[PDB]
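Engineer: File coords_22.pdb below, PDB, C-alpha atoms and all ligand atoms:
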```
MODEL        1
ATOM      1  CA  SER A1161       0.000   0.000   0.000  1.00  0.00           C
ATOM      2  CA  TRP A1162       1.472   3.314  -1.165  1.00  0.00           C
ATOM      3  CA  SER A1163       0.296   6.767  -0.117  1.00  0.00           C
ATOM      4  CA  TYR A1164       1.091  10.320  -1.171  1.00  0.00           C
ATOM      5  CA  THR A1165       2.315  12.902   1.328  1.00  0.00           C
ATOM      6  CA  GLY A1166       3.264  16.544   1.103  1.00  0.00           C
ATOM      7  CA  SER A1167       6.885  17.612   0.925  1.00  0.00           C
ATOM      8  CA  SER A1168       6.810  20.044   3.857  1.00  0.00           C
ATOM      9  CA  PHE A1169       4.305  18.121   6.006  1.00  0.00           C
ATOM     10  CA  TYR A1170       3.768  14.429   6.731  1.00  0.00           C
ATOM     11  CA  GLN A1171       0.192  13.308   6.072  1.00  0.00           C
ATOM     12  CA  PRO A1172      -0.451  10.098   4.088  1.00  0.00           C
ATOM     13  CA  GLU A1173      -3.212  10.536   1.509  1.00  0.00           C
ATOM     14  CA  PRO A1174      -4.797   8.391  -1.213  1.00  0.00           C
ATOM     15  CA  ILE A1175      -3.146   8.663  -4.614  1.00  0.00           C
ATOM     16  CA  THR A1176      -5.260  10.687  -7.051  1.00  0.00           C
ATOM     17  CA  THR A1177      -4.770  12.097 -10.555  1.00  0.00           C
ATOM     18  CA  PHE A1178      -4.466  15.592  -9.006  1.00  0.00           C
ATOM     19  CA  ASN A1179      -1.214  14.895  -7.111  1.00  0.00           C
ATOM     20  CA  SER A1180       0.613  12.637  -9.591  1.00  0.00           C
ATOM     21  CA  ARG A1181       1.732  13.003 -13.135  1.00  0.00           C
ATOM     22  CA  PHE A1182       2.201  10.534 -15.942  1.00  0.00           C
ATOM     23  CA  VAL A1183       5.862  10.056 -16.868  1.00  0.00           C
ATOM     24  CA  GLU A1184       7.890   7.874 -19.191  1.00  0.00           C
ATOM     25  CA  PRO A1185       8.780   4.540 -17.525  1.00  0.00           C
ATOM     26  CA  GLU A1186      12.182   3.958 -15.954  1.00  0.00           C
ATOM     27  CA  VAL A1187      13.861   0.816 -14.634  1.00  0.00           C
ATOM     28  CA  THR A1188      13.970   2.224 -11.089  1.00  0.00           C
ATOM     29  CA  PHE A1189      10.194   2.444 -10.530  1.00  0.00           C
ATOM     30  CA  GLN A1190       8.390  -0.137  -8.422  1.00  0.00           C
ATOM     31  CA  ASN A1191       6.410  -2.795 -10.296  1.00  0.00           C
ATOM     32  CA  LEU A1192       3.176  -2.996  -8.325  1.00  0.00           C
ATOM     33  CA  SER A1193       1.112  -6.169  -8.723  1.00  0.00           C
ATOM     34  CA  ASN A1194      -1.984  -5.747  -6.527  1.00  0.00           C
ATOM     35  CA  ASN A1195      -3.773  -2.916  -4.687  1.00  0.00           C
ATOM     36  CA  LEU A1196      -3.047  -0.389  -7.422  1.00  0.00           C
ATOM     37  CA  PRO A1197      -3.974   3.272  -6.830  1.00  0.00           C
ATOM     38  CA  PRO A1198      -6.975   4.646  -8.791  1.00  0.00           C
ATOM     39  CA  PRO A1199      -4.615   6.432 -11.230  1.00  0.00           C
ATOM     40  CA  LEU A1200      -3.139   2.982 -11.935  1.00  0.00           C
ATOM     41  CA  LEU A1201      -6.487   1.167 -11.967  1.00  0.00           C
TER      42      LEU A1201
ATOM     43  CA  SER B1161       8.517  11.955 -40.731  1.00  0.00           C
ATOM     44  CA  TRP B1162       9.255  14.006 -37.610  1.00  0.00           C
ATOM     45  CA  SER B1163      11.269  12.904 -34.592  1.00  0.00           C
ATOM     46  CA  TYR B1164      11.820  14.339 -31.131  1.00  0.00           C
ATOM     47  CA  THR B1165      15.290  15.309 -29.940  1.00  0.00           C
ATOM     48  CA  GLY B1166      16.658  16.650 -26.692  1.00  0.00           C
ATOM     49  CA  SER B1167      17.679  20.263 -26.276  1.00  0.00           C
ATOM     50  CA  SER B1168      21.195  19.546 -24.977  1.00  0.00           C
ATOM     51  CA  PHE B1169      21.874  16.340 -26.943  1.00  0.00           C
ATOM     52  CA  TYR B1170      21.023  14.906 -30.351  1.00  0.00           C
ATOM     53  CA  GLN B1171      19.150  11.605 -30.630  1.00  0.00           C
ATOM     54  CA  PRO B1172      16.135  11.174 -32.951  1.00  0.00           C
ATOM     55  CA  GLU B1173      13.354   9.490 -30.975  1.00  0.00           C
ATOM     56  CA  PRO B1174       9.731   8.608 -31.779  1.00  0.00           C
ATOM     57  CA  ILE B1175       7.160  11.184 -30.716  1.00  0.00           C
ATOM     58  CA  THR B1176       5.173   9.954 -27.706  1.00  0.00           C
ATOM     59  CA  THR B1177       2.700  11.536 -25.312  1.00  0.00           C
ATOM     60  CA  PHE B1178       5.352  11.992 -22.611  1.00  0.00           C
ATOM     61  CA  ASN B1179       7.588  14.367 -24.615  1.00  0.00           C
ATOM     62  CA  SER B1180       4.856  16.567 -26.124  1.00  0.00           C
ATOM     63  CA  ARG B1181       2.062  18.776 -24.818  1.00  0.00           C
ATOM     64  CA  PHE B1182      -1.297  19.685 -26.331  1.00  0.00           C
ATOM     65  CA  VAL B1183      -1.450  23.380 -27.234  1.00  0.00           C
ATOM     66  CA  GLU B1184      -3.842  25.832 -28.833  1.00  0.00           C
ATOM     67  CA  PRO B1185      -3.474  25.771 -32.643  1.00  0.00           C
ATOM     68  CA  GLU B1186      -1.351  28.338 -34.478  1.00  0.00           C
ATOM     69  CA  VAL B1187      -0.990  29.260 -38.144  1.00  0.00           C
ATOM     70  CA  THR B1188       2.779  28.725 -37.970  1.00  0.00           C
ATOM     71  CA  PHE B1189       2.560  25.007 -37.139  1.00  0.00           C
ATOM     72  CA  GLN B1190       3.151  22.318 -39.738  1.00  0.00           C
ATOM     73  CA  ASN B1191      -0.158  20.889 -41.050  1.00  0.00           C
ATOM     74  CA  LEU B1192       0.643  17.204 -41.441  1.00  0.00           C
ATOM     75  CA  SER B1193      -1.536  15.033 -43.678  1.00  0.00           C
ATOM     76  CA  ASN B1194      -0.006  11.533 -43.817  1.00  0.00           C
ATOM     77  CA  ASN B1195       2.180   9.440 -41.481  1.00  0.00           C
ATOM     78  CA  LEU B1196       0.938  11.034 -38.278  1.00  0.00           C
ATOM     79  CA  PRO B1197       2.824  10.431 -35.006  1.00  0.00           C
ATOM     80  CA  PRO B1198       1.030   8.354 -32.316  1.00  0.00           C
ATOM     81  CA  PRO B1199      -0.088  11.431 -30.298  1.00  0.00           C
ATOM     82  CA  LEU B1200      -1.786  12.719 -33.462  1.00  0.00           C
ATOM     83  CA  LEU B1201      -2.895   9.253 -34.601  1.00  0.00           C
TER      84      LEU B1201
HETATM   85  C1  LIG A1301      10.126  -3.648 -13.371  1.00  0.00           C
HETATM   86  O1  LIG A1301      10.214  -4.466 -14.548  1.00  0.00           O
HETATM   87  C2  LIG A1301      11.154  -3.995 -15.527  1.00  0.00           C
HETATM   88  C3  LIG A1301      11.052  -4.931 -16.707  1.00  0.00           C
HETATM   89  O2  LIG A1301      10.305  -6.095 -16.383  1.00  0.00           O
HETATM   90  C4  LIG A1301      12.554  -3.948 -14.921  1.00  0.00           C
HETATM   91  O3  LIG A1301      13.461  -3.404 -15.873  1.00  0.00           O
HETATM   92  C5  LIG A1301      12.553  -3.098 -13.655  1.00  0.00           C
HETATM   93  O4  LIG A1301      13.829  -3.154 -13.028  1.00  0.00           O
HETATM   94  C6  LIG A1301      11.487  -3.591 -12.681  1.00  0.00           C
HETATM   95  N1  LIG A1301      11.442  -2.740 -11.501  1.00  0.00           N
HETATM   96  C7  LIG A1301      11.798  -3.144 -10.274  1.00  0.00           C
HETATM   97  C8  LIG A1301      12.264  -4.567 -10.151  1.00  0.00           C
HETATM   98  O5  LIG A1301      11.744  -2.395  -9.306  1.00  0.00           O
HETATM   99  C1  LIG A1302      -1.963  25.281 -41.310  1.00  0.00           C
HETATM  100  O1  LIG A1302      -3.384  25.303 -41.394  1.00  0.00           O
HETATM  101  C2  LIG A1302      -3.998  26.517 -40.966  1.00  0.00           C
HETATM  102  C3  LIG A1302      -5.508  26.398 -41.114  1.00  0.00           C
HETATM  103  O2  LIG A1302      -6.033  25.632 -40.031  1.00  0.00           O
HETATM  104  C4  LIG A1302      -3.494  27.698 -41.775  1.00  0.00           C
HETATM  105  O3  LIG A1302      -4.060  28.907 -41.256  1.00  0.00           O
HETATM  106  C5  LIG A1302      -1.984  27.750 -41.697  1.00  0.00           C
HETATM  107  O4  LIG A1302      -1.508  28.770 -42.576  1.00  0.00           O
HETATM  108  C6  LIG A1302      -1.394  26.425 -42.126  1.00  0.00           C
HETATM  109  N1  LIG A1302       0.038  26.469 -41.948  1.00  0.00           N
HETATM  110  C7  LIG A1302       0.830  25.810 -42.774  1.00  0.00           C
HETATM  111  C8  LIG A1302       0.286  25.647 -44.162  1.00  0.00           C
HETATM  112  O5  LIG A1302       1.910  25.366 -42.434  1.00  0.00           O
ENDMDL
END
```
Give the structure from this file in structure tokens form.

Structural biologist:
Amino acid sequence: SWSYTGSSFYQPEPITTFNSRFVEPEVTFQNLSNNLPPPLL
Amino acid sequence: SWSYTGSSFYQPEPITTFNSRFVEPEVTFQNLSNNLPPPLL
């Protein structure tokens, strides 16, 4: 389970399309299998 | 055929969604007819 938090304040939040951006894949990113966030669903 | 290249280095790459942005049309853009890139296809 992965959550988004602010840079200057710690508060775990659900991942949404309004706080993440689509980027070109890299080999360093995690390869999630289950419990994908709604941007990834 | 049009390819994308970096600003500080030269490498012809295919045009994807991740290296282009959708903008308001202008008269000084190229009006392509055939062999559209995948963002325009
Ligand atoms: C995810 O998979 C790709 C290709 O299968 C691999 O290159 C990448 O290292 C993987 N990411 C990991 C293991 O975090
Ligand atoms: C592209 O098409 C527009 C019409 O939508 C035109 O105004 C413009 O002059 C054209 N530019 C060219 C031919 O590159």

Engineer: When you get a sec, could you note down which chain B residues fall within 10 Å of chain A, using only C-alpha atoms, as a CSV table (one decimal) with C-alpha atoms, in the coordinates of the input?

Structural biologist:
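Saved as selection_38.csv:
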```
chain,number,residue,atom,x,y,z
B,1176,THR,CA,5.2,10.0,-27.7
B,1177,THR,CA,2.7,11.5,-25.3
B,1178,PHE,CA,5.4,12.0,-22.6
B,1179,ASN,CA,7.6,14.4,-24.6
```

Engineer: As a quick test: using all atoms listed in the file, which residues lie no more than 12 Å away from ligand LIG 1301 (chain A)? Give them as a list in words.

Structural biologist: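 Sorted by chain and then by number, the residues are residues 1185, 1186, 1187, 1188, 1189, 1190, 1191, 1192 and 1193 of chain A.
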
Engineer: Suppose a student applies the PyMOL selection byres (((chain A and resi 1175) around 6) and not hetatm) to this structure; what residues should they get, written as a list in words?

Structural biologist: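 Going through the file, the PyMOL selection byres (((chain A and resi 1175) around 6) and not hetatm) ends up selecting residues 1163, 1164, 1174, 1176 and 1197 of chain A.
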
Engineer: Box for ligand LIG 1302 (chain A) - axis-aligned, 3 Å on each of the six sides, all listed atoms - centre and size in Å to one decimal, as lines of an AutoDock Vina configuration file.

Structural biologist:
```
center_x = -2.1
center_y = 27.1
center_z = -42.1
size_x = 13.9
size_y = 9.6
size_z = 10.1
```

Engineer: Atom CA of residue B:1199 and atom CA of residue B:1180, how far apart in Å?

Structural biologist: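 If I compute the distance from atom CA of residue B:1180 to atom CA of residue B:1199, I get 8.3 Å.
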
Engineer: What's the separation between atom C3 of ligand LIG 1302 (chain A) and atom CA of residue B:1181, in Å to one decimal place?

Structural biologist: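 Here the two named atoms are 19.5 Å from each other.
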